[PDB]
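Engineer: Opening piece of the complex, as it sits:
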Amino acid sequence: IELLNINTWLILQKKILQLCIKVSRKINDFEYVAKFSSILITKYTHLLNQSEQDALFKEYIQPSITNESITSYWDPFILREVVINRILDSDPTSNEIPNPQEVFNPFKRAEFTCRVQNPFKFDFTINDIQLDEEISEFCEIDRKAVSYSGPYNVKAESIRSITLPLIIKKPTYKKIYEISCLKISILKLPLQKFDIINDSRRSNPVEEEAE
Amino acid sequence: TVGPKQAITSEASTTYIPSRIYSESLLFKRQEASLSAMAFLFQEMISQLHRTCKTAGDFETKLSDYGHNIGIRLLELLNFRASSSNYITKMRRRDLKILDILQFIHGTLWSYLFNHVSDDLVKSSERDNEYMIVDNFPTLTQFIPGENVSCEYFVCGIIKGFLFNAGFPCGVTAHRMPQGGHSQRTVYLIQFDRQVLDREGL
Amino acid sequence: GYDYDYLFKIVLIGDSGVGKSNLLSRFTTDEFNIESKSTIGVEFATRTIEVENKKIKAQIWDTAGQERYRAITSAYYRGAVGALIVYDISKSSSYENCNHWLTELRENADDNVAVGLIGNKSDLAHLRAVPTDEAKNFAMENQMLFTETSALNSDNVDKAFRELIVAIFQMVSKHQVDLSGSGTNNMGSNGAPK
Amino acid sequence: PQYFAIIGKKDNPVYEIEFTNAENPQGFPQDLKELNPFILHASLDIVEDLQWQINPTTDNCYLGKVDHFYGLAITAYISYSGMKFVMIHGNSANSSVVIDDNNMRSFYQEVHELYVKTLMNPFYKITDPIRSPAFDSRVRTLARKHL
């Protein structure tokens, strides 16, 4: 794997490290079969078929899943955007906060205050391995404003909704901080901030209104 | 849908003759233009590259990229039409020594872009790994006033992409030496890298 | 020599007797010749400032209104890039045709101009023909710079006119980069071979 | 069967084809999957070694049979731009490119017009494959009429 600059031509790079997976299977090394199964993520874009050795490669993934930690979720491109749209309760309470000289210069070139409302999430999986499953997504170092229940899968290629997040928060002071992403566990341990594509794609919360 | 990189398409020989879709031609058909219509487009290169550039050096080395994408086209054309298609001929020499491609650029590239052959081709006698190419009249930069020579570099990128796609990794730099009654003499120094330099020794 | 970089022309326009020329002659350094107003019509004085390490010559052309120069003054707004409608707060009928001057000057001046509006003779503060808030509003929905332009003991003009050359400067200060010219090598004894 | 490929500067491929006779329609039996790109990429190197030799192992464009491996000979052509037109020939017995050596020099030179002609498009960068439907007919009529 040093003779080809893997870490150009592509078919041979796929075929050599497919041979490396099969030799590390017959040896029954585990850390390299996890490593080359994880370094196949430079090439699932082209060169693959729709769920033939994706599933016959998932039978090489899932032994490394049932072992201890030897894969740790290869691709950090999951959730396109997160929307924290407060649902409609009532319009009775928005509960908000508060000559001589002087020549004119005509020639001169949001935060929320949330309430009892639930949010939304949506994401996609990158490749046609089937029935990828996720549980228990929640926020990072933030306040009480977290979700509860996690029974969800995701399909083959589609950009899938994640319904029922059902946020519950405690009131704070109105110090304006930004969140970006959440702690999401894709059928295994909770990995880190699966950040958003092409931009950080911010969100801006403040306190819950006790007023 | 002919070459995907997903597969090599396996297709049997001696099929039918298909329809004919697009057919071109490749000989010279020496068609002229006016120098004003060239110089207007050259100043419309520079009137946008002045706008989208912050310092001098990145303006230099992205005015050079436009010349790079004429040099890597022109290298394959000029030898192939100088060795002369369906009027079948032999395959030129495919020159591979550094003062056998400098004679080709000196006598044929400048006689192709411009009407005249460039006048002189000067080795740097007091050292090695500099090779001057000069003229007496740069006919594209001749409407630029002043002395700063950043606007030269569209022609020097034509040199550099000529050699970088010829297997000779180099680097050009233009300077101005107003010798005699030729006040715009404008030397380019081609300056080959170190890692090429052993190979022509062996 | 000359050595400035850009040169703008700025018309002063208004009714006659609104006080444009006395506003001019305090304010520009001078024009070296008193000359006369009404022989060719419009007179003109220069003013040099510098913006953003570029040096600017601005040429103020104030225009008379004697009803004879009908086609002449309309030829003089051709190519005019900076503009200043002057009105006086004492008299009131100039403001009835300040909008007339504005729609004549939006016509045939340039593609885009930057028109200021200036109230001369604020010294007689006890004679306001028109309220300043109405003219301030009429400047606000016409994209115009507004200054009190009080007569005597004032600088209203020495900050507003500099601000006008700033706004007209970035209307035409497009782009440039550098003229350093430091790249020198290649001093040999020329073992040439052609 | 015949295998033909245009190998770029960084060795990335830009055209990739096989064409074969109708007697064995599924050509290259259990080599096309697993040896046929490896012998190409392995034997780029002697073509690369022969690009700086004045006389081989006064034309320097056509190159002969440069490698022979299990009775499969390959033939090569080094373009000025350095794109190399290496092509593997396969048969039943010992195949001869010597019967076509006067012929298929005008198959390599015939592709030059097809290539040089697809270089002059300014939208075509280097290091991207030839996704041209015209190019396939323009190479396989040349392969049918001149072999």
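Structural biologist: Looks like it arrived, so ask away. Residues are numbered from 1 along each chain as shown, chains lettered A, B, ... in the order given.
Engineer: Who are the packing partners of the longest helix along chain C?
Structural biologist: Criterion DSSP state H: the longest helix present in chain C is helix C:156-172. Under the contact criterion of 3 or more C-beta pairs under 8 Å, 6 or more residues apart in numbering or on different chains; DSSP states H and E, helix C:156-172 touches strand C:6-13, helix C:20-27, strand C:43-51, strand C:54-62, strand C:82-88, strand C:114-120, strand C:145-147. Every residue, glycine included, has its C-beta placed from N, CA and C.
Engineer: quick one: that helix to chain centroid distance?
Structural biologist: Counting by C-alpha atoms, centre = their mean, to the nearest Å, helix C:156-172 is centred 8 Å from the centre of its parent chain.
Engineer: and if you look at stretch D:137-147?
Structural biologist: The answer for stretch D:137-147 is 13 Å, by C-alpha atoms, centre = their mean.
Engineer: wait, does it make contact with chain B?
Structural biologist: Yes. Interface with chain B: stretch D:137-147 contributes D:137, D:140-141, D:143-144, D:147 (C-beta under 8 Å from any C-beta of the partner chain).
Engineer: Would you state the strands of chain D in chain order?
Structural biologist: In chain D, the segments counted as strands under DSSP state E are D:2-7, D:13-19, D:62-69, D:72-77, D:87-89.
Engineer: could you dump these to TSV with distance to chain A?
Structural biologist: As requested, the strands of chain D are exported to TSV (distance: least, C-beta to the nearest C-beta, whole Å):
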stretch	distance to chain A
strand D:2-7	9
strand D:13-19	6
strand D:62-69	17
strand D:72-77	17
strand D:87-89	15
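Engineer: from chain A, which residue is nearest to chain C?
Structural biologist: Residue nearest to chain C within chain A (C-beta to the nearest C-beta): residue A:107, separated by 2.3 Å.
Engineer: That residue reaches residue C:169, doesn't it?
Structural biologist: No. Residue A:107 is beyond contact range of residue C:169, at 9.4 Å (criterion: C-beta atoms under 8 Å).
Engineer: out of the helices and strands packed on helix C:156-172, nearest to chain B?
Structural biologist: Between the helices and strands packed on helix C:156-172, strand C:54-62 lies closest to chain B; by C-beta to the nearest C-beta that is 14.8 Å.
Engineer: In contact with the residue in chain D that chain C sits nearest to, which residues are there?
Structural biologist: Nearest to chain C, among the residues of chain D, is residue D:54, at 20.7 Å (C-beta to the nearest C-beta). Residue D:54 makes contacts with B:96, D:60, as judged by C-beta atoms under 8 Å, 6 or more residues apart in numbering or on different chains.
Engineer: and chain E on top of that:
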Amino acid sequence: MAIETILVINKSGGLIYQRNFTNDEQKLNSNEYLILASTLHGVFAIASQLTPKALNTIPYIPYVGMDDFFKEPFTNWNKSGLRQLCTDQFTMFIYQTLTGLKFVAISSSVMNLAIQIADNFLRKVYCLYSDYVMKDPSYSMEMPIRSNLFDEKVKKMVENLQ
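Structural biologist: The block that follows adds chain E to the chains above:
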């Protein structure tokens, strides 16, 4: 005939070029040329409007400057407008282009054929303007002519005249 000072004024009044060559002194050189150029634009406007109850311009090739720039008789473009002032010390020619770009030539050789020899020089300065100032990306529109190639491209032709 002769020329002692080239003045090139804009299409909007104030000038963009002047060189008072062979003055053999230091003349007055500041904003008085700007007010002179604007005065010439104004009287060029005024000389349109007065015209009495009346209600031509065919030059030739005299070979000025020593191939040359043109071969054939042509036309002018201004009729109701100032064309030539005449006094004792000097004589001022002026030449409007079609686009509106007036060229002013002050002449220290005094006393109709001077029009014929004059505009065949003032079109040969217009060809150098359109060849050496228009193809100039450092030169924006509506700006003084800060190019230094335009000076000794016209100096050679005027010392080829006189």
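Engineer: With chain E now part of the structure, what is the answer for the contacts of residue D:54?
Structural biologist: B:96, D:60.
Engineer: let's go with 10 Å and repeat that
Structural biologist: B:96-97, D:60 (C-beta atoms under 10 Å, 6 or more residues apart in numbering or on different chains).
Engineer: what's the answer for residue B:8, then?
Structural biologist: Per C-beta under 10 Å, 6+ apart, neighbours of residue B:8: A:11, D:3-5, D:13, D:16-18, D:28, D:32-33, D:36-37.
Engineer: which residues in chain D form helices?
Structural biologist: D:36-42, D:45-49, D:105-119, D:133-146.
Engineer: So what angle separates the directions of the longest helix of chain C and helix C:20-27?
Structural biologist: 90 degrees (axes from the mean of the first three to the mean of the last three C-alpha atoms, to 10 degrees).
Engineer: hmm, helix C:156-172 touching chain E?
Structural biologist: Yes. Using C-beta under 10 Å from any C-beta of the partner chain, helix C:156-172 reaches chain E at residue C:172.
Engineer: still on that earlier bit, show me which of the contacts of residue D:54 are buried.
Structural biologist: B:96, D:60 (16 or more other C-beta atoms under 10 Å in any protein chain shown).
Engineer: Including distance to residue D:94, could the contacts of residue D:54 go into JSON lines?
Structural biologist: Below are those laid out as JSON lines (distance: C-beta to C-beta, whole Å):
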{"residue": "B:96", "distance to residue D:94": "33"}
{"residue": "B:97", "distance to residue D:94": "38"}
{"residue": "D:60", "distance to residue D:94": "27"}
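Engineer: if we can go back for a sec, which of the contacts of residue B:8 come close to chain E?
Structural biologist: Answer for these near chain E: none qualify (C-beta under 10 Å from any C-beta).
Engineer: Sticking with whatever residue of chain B ends up closest to chain D, tell me its helix or strand.
Structural biologist: Residue of chain B nearest chain D, by C-beta to the nearest C-beta: residue B:91 (3.0 Å). Of the helices and strands defined by DSSP states H and E, none includes residue B:91.
Engineer: tell me the contacts of it?
Structural biologist: Contacts for residue B:91 (C-beta under 10 Å, 6+ apart) come out as B:79-80, B:83, D:59-62, D:77-80, D:105, D:108-109, D:112.
Engineer: List the buried residues of the longest helix of chain C.
Structural biologist: C:156-157, C:160-161, C:163-169, C:171.
Engineer: same check, this time on stretch D:55-74
Structural biologist: Quick answer for stretch D:55-74 (16+ other C-beta under 10 Å): D:60-63, D:66-67, D:72-74.
Engineer: end to end, how far does that stretch reach?
Structural biologist: 19 Å (C-alpha to C-alpha, to the nearest Å).
Engineer: let's put chain F on the structure above:
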Amino acid sequence: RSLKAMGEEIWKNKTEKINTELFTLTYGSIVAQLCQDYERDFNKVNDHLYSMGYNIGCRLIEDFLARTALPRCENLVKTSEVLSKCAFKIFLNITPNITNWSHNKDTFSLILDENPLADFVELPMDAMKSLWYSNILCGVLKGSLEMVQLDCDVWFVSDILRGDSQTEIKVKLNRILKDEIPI
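Structural biologist: Adding chain F to what we have so far:
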């Protein structure tokens, strides 16, 4: 004598001469980089080629009027006579003829036979609907004719680079009679 035969004298002597293949290559480099830095937004590169070409024609009309000394054109059919026989014959080497005036001579069209700016181009499939390659002429003919105070508006309608029938350019001119004081 006339406008058909006059421009080839100017084409015959004292026109400084360059090839056209370098002109095609140096246009093609500009439009390829303009594609690559605008992320294939092809209605933006038509705008940018328009705004590039509009600043050519204001510099070009002085060079054309100094190289030949025309009067102002009396009618819009003879503007098209200039744009046939002496505009593109001097600066380029092409004579694109005129067909298809309007019902009242308000528009016209300009059949361009061979293009000296696309000799090699086969544009990509995502640009096959939203790009006009030789848009630079539609910045020039808007530009230079605006300095003669013929406020025209000029678009492409069809071209052979798309794979359509023919390259033609529709000119529709609105308003004039505003200009400098002598005539």
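Engineer: The contacts of residue B:8 again, this time with chain F added?
Structural biologist: Neighbour list for residue B:8: A:11, D:3-5, D:13, D:16-18, D:28, D:32-33, D:36-37 [criterion: C-beta under 10 Å, 6+ apart].
Engineer: so which of these also contact chain B?
Structural biologist: A:11, D:3-5, D:13, D:16-18, D:28, D:32-33, D:36-37.
Engineer: Distance of residue E:82 relative to chain A?
Structural biologist: Per C-beta to the nearest C-beta, to the nearest Å, residue E:82 is found 37 Å from chain A.
Engineer: you'd agree that residue is up against residue E:39?
Structural biologist: No. Residue E:82 lies out of contact with residue E:39 (C-beta atoms under 10 Å); the separation is 11.1 Å.
Engineer: Neighbour count: the two, which is higher?
Structural biologist: Using other C-beta atoms under 10 Å in any protein chain shown, the more surrounded residue of residue E:82 and residue E:39 is residue E:82, with 19 against 16.
Engineer: Can you tell me the SS state at that one?
Structural biologist: Secondary structure for residue E:82, judged by DSSP: H, G, I helix; E, B strand; the rest coil, is coil.
Engineer: The residue of chain D found nearest chain B - nearest residue in space that isn't next to it in sequence?
Structural biologist: The minimum distance from chain D to chain B, using C-beta to the nearest C-beta, falls at residue D:61 (3.0 Å). Distance criterion C-beta to C-beta, 6 or more residues apart in numbering or on different chains; nearest residue to residue D:61, sequence neighbours excluded, is residue B:91 at 3.0 Å.
Engineer: Same question for residue C:157.
Structural biologist: residue C:27 (5.2 Å).
Engineer: list the contacts for the one you found?
Structural biologist: C:45, C:47, C:60, C:149, C:154-155, C:157-158, C:161.
Engineer: For these, give me CSV that also has distance to residue C:37.
Structural biologist: Formatted as CSV, the contacts of residue C:27 follow (distance: C-beta to C-beta, whole Å):
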residue, distance to residue C:37
C:45, 11
C:47, 18
C:60, 13
C:149, 20
C:154, 23
C:155, 26
C:157, 20
C:158, 24
C:161, 21
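Engineer: hmm, back to that, phi first, then psi, for the residue nearest to residue D:61.
Structural biologist: Torsion angles at residue B:91 (phi, psi; degrees, to the nearest 10) stand at phi -110, psi 110.
Engineer: Would you mind measuring from it to residue B:80?
Structural biologist: For residue B:91, the distance to residue B:80 equals 9 Å [C-beta to C-beta, to the nearest Å].
Engineer: hey, what's in contact with both of the two?
Structural biologist: Joint contacts of residue B:91 and residue B:80 (C-beta under 10 Å, 6+ apart) are D:79-80, D:109, D:112.
Engineer: my read: residue F:108 touches residue F:141, true?
Structural biologist: No. Using C-beta under 10 Å as the test, residue F:108 is too far from residue F:141 to be in contact (11.8 Å).
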